[PDB]
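Chemist: Mind looking over this structure? Questions follow.
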Amino acid sequence: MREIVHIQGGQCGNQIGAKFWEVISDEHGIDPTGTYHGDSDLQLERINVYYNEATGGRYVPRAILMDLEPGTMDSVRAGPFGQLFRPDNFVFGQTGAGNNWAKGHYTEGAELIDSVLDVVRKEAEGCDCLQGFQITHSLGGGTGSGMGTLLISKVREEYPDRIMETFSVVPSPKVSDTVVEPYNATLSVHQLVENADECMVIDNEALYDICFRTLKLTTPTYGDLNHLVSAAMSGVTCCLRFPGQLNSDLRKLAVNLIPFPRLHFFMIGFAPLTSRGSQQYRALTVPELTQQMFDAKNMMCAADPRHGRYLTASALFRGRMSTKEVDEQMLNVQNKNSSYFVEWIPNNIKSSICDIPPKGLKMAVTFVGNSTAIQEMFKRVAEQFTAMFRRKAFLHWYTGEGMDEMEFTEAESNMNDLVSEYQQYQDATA
Amino acid sequence: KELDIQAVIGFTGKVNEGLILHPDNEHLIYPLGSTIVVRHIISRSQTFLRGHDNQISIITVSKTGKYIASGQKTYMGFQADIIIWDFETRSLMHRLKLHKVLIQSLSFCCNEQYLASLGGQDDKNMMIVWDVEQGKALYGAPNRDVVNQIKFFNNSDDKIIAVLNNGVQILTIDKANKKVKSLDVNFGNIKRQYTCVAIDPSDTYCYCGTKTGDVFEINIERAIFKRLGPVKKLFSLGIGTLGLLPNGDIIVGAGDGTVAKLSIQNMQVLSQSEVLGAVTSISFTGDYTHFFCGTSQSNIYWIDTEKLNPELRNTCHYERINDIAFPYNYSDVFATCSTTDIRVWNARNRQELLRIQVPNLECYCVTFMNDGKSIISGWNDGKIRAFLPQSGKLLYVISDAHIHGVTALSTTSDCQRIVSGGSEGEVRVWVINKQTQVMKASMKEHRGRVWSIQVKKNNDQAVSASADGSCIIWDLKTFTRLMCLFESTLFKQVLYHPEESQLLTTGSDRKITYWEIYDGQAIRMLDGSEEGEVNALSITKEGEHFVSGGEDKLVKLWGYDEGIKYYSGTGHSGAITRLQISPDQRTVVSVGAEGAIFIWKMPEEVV
Amino acid sequence: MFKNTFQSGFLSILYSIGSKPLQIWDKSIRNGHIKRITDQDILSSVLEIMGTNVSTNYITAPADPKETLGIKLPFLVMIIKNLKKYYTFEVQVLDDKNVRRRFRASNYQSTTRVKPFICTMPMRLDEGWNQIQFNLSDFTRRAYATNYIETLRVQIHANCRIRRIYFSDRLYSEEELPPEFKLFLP
Amino acid sequence: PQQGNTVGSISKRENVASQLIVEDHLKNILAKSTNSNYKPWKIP
Amino acid sequence: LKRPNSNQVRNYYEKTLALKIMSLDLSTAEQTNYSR
Ligand SMILES: Nc1nc2c(ncn2[C@@H]2O[C@H](COP(=O)(O)OP(=O)(O)O)[C@@H](O)[C@H]2O)c(=O)[nH]1
């Protein structure tokens, strides 16, 4: 019932999903061998959402793994919970994109897209009734940022009515891992804005800041960052998979969070996060949860929200508690922070509750907010883009594979516009 | 003086490799909640080792049957203590104080002179070496990532193995310099998580288990691995324990509970079998046949080799007995509440009789019914359930009786009604009838959770004791006349005196207090340890003596008429909570919150 | 099964786009094979049964015998791809009298005969995909001059690729067929 | 397209370990495959 | 093949055999030794 398929493109997305599936299997009581060994009956009532049933009682995730090089799939196949992935869905190239969006989107991606399109189409007809699709990828890598959004355009062409998530890792200048980030970043986001029903921005420098500050652990790793991202992943669809007093699905979020068709860029967060030094000192209560999930340092994004006003926000609580107290901190935090909320949309806070908490924690919360502070990433990325582009540096490699300067010009103009109308409503008054 | 104990029902399968068959045999050692026990096998004798404060975490023994090492987990503020017991003397030969919270593993060399201890995840995974003759910390090693276990080599004790969470590490220790050298065994594109390890007698190869369920094979002379393990098939919850036959055959324990053997060939099972509970301990007997298995659910199994058929030797309680009961004027059988599943046991022979299982609920105050009717229990959700005696099917369920779980129950003799108590001071009366179950409670208010309700012989009068500090006596006919007895502490068991007017009551204070409905106190017994909370009491049909038990390990019975203790009870571990006396009164039974069950021979001269 | 249940205009028994398209269906295979593939002519997944000795390879309307699929509906309809091979399908029906009759349709039969229990009919299939409408009403009224109450069973034999089998209840047109019911042309 | 699919086929068949590797030429493969890009040296 | 110890192997033998029969019950003690 109302399932979603899960597909990865690019090594970043593959690594995210690799242990996203681990988290999902753990919370559903699924072993690395596909055999259910949970204890509660509710663990089995809604497993078709992510797992297909195979002969012998085993379950296989409905995930399609895709990349233009075989190394990352070769590694993830031997990774933990790698046996669940069915060998057929592995679609790999033979050359690699060279972090070049042209090789990732026109020459190699266009010819390679046919097999993955066939597989995703068959998988789509496989499920009973489809909710939509959700993506995990990075805009900073050539193969991902190009051919993933290519696939996005194709799939949105064929299924106009479904809802789509895109959890995207944006580049930042603090931790910069590649010299050509602005080019492929703007090229990917220009196409993504026109078709993305919802975009979830994730910042790795923000991840480092969180894992440094909130938990006080000395040496975090890509695994820990993936853990935070996976918790954010599971928090969204906990409510669709488990019962609750106020059930709200992906279409619920789409209705309640998007005022206008071009305003679909979101920043997310997860709570609670505690050190191993203070977990049993700290007493977890609803006010503590809410003050953490509205904290500026708990957000997965580097953009500071107090430089803008929230257009809207939504929160999903997990665990056993009544709803009226939740409502009262919502109203109190809306009252004392009325300066940071837009004044012509009262009651811009969505609340949802699920009665099954995550394993090991009796209460949890996931926050997703559409705010007027997102313009910072776009302006700084555009500034980097024009800094690279006014001297035509790194340009001949793109223009030698079907690119011209006109596409870059249109992408830059479109992004500047998107910034303009995204910040226009910040100054709007009733 | 001291009171005899005839039987003990206790075992803790939570700690890995807990069950150990002492080399030269005839001796079997296992940890109780906080004390170690050793048992002679040909004879029926046993001995207690009590030199600990908290729950034991690790048990290890040397080769050739020399001294034993035991380690426990403590609070963050203090430090865990490692206790070395000399065997054949049953004496604490050494005590060592280091590490922050808990110790993960202990290792003995082939020679008995050296020791290795491993701290918990807290203290930042500190590895320490010790000298047995004099407690000395020659040197140590801190490492960032967690290491689940460490083992010494069979020969060449200078080389040791550590199954770190990321992978395998080989450590070299030299006498010339206190330094320790670390080499990390490299795996090509492998991120398996590793818990258990074993070493072949030739010390060439080591077999290490995985959380996925495939056993890896690594030579020590190099960082190269050879084999992943059983191909095309896994064990579905990781690898619990490893054992090596003289053939090189590898006996493996799976997390789900599974015993299988792999030849030194293609990793294919020659024989496979299924065993209840998660596997926790495997001990090979001398000549390596018919070994012992210990589950995570406190079950002891006798598993044959090369033809894997599981045979259940004996079963023990899982954890945390909550209460005990006898049938009315019957002592052959007694029932125990558990964390999840009620059990019934025979007094003469303590083999299990029948279990009634509930998935995720705690029971409280299981109450028997005369005329052989159903057994009644209350659960966390607030529901009350009745089950038939021979077979565990329910007669009926009462739903939403109390908001936060029924705590105590009491039955009238003529059995048409039940009285029940909730946590939030609600005492209710229900009229049972074969057709239907109804309630006519007063919904009387009573602040704290009620721990005990008693009904007199004529069955009209019924007293209930709260946590708040009030023991209220109810007429049960008009549900009124609220005169309630006052003292300021957390109450516990209350009892009528059989065919008298006095109430023998207890509370959190270290005093057993004789009361009456007229605030008449015969004596204030004041049976106090340093921080004891006397909790369980029982009375003989003739008021000669009463049995009393605190939170402390000691349990004692006192003469009713005069305030002098006769005899005493020891050998318990943890907090003793319930003390009953059989209707025949030939024994006294006690249930310990750490999984132990004790039956005591009541002294002869109290008849 | 399908008794005391609503039906007004349509009722779909089998469709090849779903997690478990055939649950009520029971399959018996001796030398054949069953699986669903995306079709080249229609870009969609289509269930397929194939094999030799078309009689022995079939799928039955109930998972098990000894009970009925009670259906009041008059008009059957099927979407079949013409593969230029043998094909048979039959339907078992209840009349006014408590009698069970059956109509078989065969690709390889050339003569039609009426009999108290069986009424065989030849059929002709045009090239490519096609949907066929089975009246069954005039059919029973002509074969035995007795009206119909309920249609017990439906049976499909080997060598065919199937997309939808449903009850349409009356002659309809493509425009009034909802999008799922209509076959979108390649 | 024809080829490029074949070469991709070997890789996923190789990813299954099963204590074995499939280089595509293991057993009953012609007389013998040339020991280098050129034919072998006299002393191996 | 190596020659095993005739006395040692038979000693392990009847030791394990007797342990089999006498291992049926572990509850009864009849020798308390609470202190030691
Ligand atoms: N969170 C996370 N980020 C990653 C991971 N691997 C790479 N990245 C980020 O992705 C950027 C490079 O992406 P790239 O490898 O070129 O993507 P690709 O071209 O699709 O393979 C780097 O700046 C990294 O910060 C990962 O496992 N987790």
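So you can find residues: chains in the structure tokens are A, B, ... in the order shown, residues in each start at 1, and ligands are numbered from 1 in order.
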Just the residues within 10 Å of segment 362-366 of chain A, please, counting only C-alpha atoms, with nothing from its chain fewer than 6 positions along; format it as a PyMOL selection string.

Modeler: chain A and resi 231-236+238+268-273+284-286+289-290+292-293+314-321+352-356

Chemist: Residues of chain A that approach ligand 1 to 8 Å or less, counting only C-alpha atoms and all ligand atoms: could you list each one with the shortest pair of atoms and its distance in Å to one decimal, rows by chain and increasing residue number, as CSV?

Modeler:
```
residue,atom,partner,partner_atom_place_in_ligand_line,distance
A:9,CA,ligand 1,20 (O),6.6
A:10,CA,ligand 1,20 (O),3.3
A:11,CA,ligand 1,21 (O),4.4
A:12,CA,ligand 1,5 (C),4.2
A:13,CA,ligand 1,26 (C),7.3
A:14,CA,ligand 1,27 (O),7.6
A:15,CA,ligand 1,27 (O),4.6
A:16,CA,ligand 1,28 (N),6.0
A:67,CA,ligand 1,20 (O),7.3
A:97,CA,ligand 1,19 (O),6.8
A:98,CA,ligand 1,19 (O),7.4
A:99,CA,ligand 1,19 (O),5.2
A:137,CA,ligand 1,20 (O),7.3
A:138,CA,ligand 1,10 (O),6.0
A:139,CA,ligand 1,17 (O),7.5
A:140,CA,ligand 1,13 (O),5.0
A:141,CA,ligand 1,19 (O),3.1
A:142,CA,ligand 1,19 (O),4.3
A:143,CA,ligand 1,19 (O),4.7
A:144,CA,ligand 1,20 (O),4.0
A:145,CA,ligand 1,20 (O),6.7
A:169,CA,ligand 1,3 (N),7.1
A:171,CA,ligand 1,23 (O),6.6
A:175,CA,ligand 1,23 (O),7.3
A:176,CA,ligand 1,23 (O),6.1
A:177,CA,ligand 1,23 (O),4.4
A:178,CA,ligand 1,23 (O),6.5
A:204,CA,ligand 1,1 (N),6.2
A:222,CA,ligand 1,28 (N),5.5
A:223,CA,ligand 1,27 (O),7.4
A:225,CA,ligand 1,1 (N),5.8
A:226,CA,ligand 1,1 (N),5.7
A:229,CA,ligand 1,1 (N),7.6
```

Chemist: So which bits of segment 32-186 of chain C end up strand (DSSP E) when you DSSP the backbone, as JSON, numbers by chain?

Modeler: {"C": [33, 34, 35, 36, 37, 38, 45, 46, 47, 48, 49, 50, 58, 59, 60, 76, 77, 78, 79, 80, 81, 82, 88, 89, 90, 91, 92, 93, 94, 95, 100, 101, 102, 103, 104, 105, 106, 113, 114, 118, 119, 120, 121, 122, 128, 129, 130, 131, 132, 133, 134, 148, 149, 150, 151, 152, 153, 154, 155, 156, 157, 160, 161, 162, 163, 164, 165, 166, 167]}

Chemist: Dump as a ChimeraX atom specification the residues of chain B that approach chain D to within 8 Å, counting only C-alpha atoms.

Modeler: /B:227-228,231-232

Chemist: Taking the chain letters and numbering used in this document, name the residues of segment 186-385 of chain A that DSSP puts in helix (DSSP H, G or I), as a PyMOL selection string.

Modeler: chain A and resi 186-195+204-213+222-241+250-257+286-293+305-307+323-336+338-340+375-385
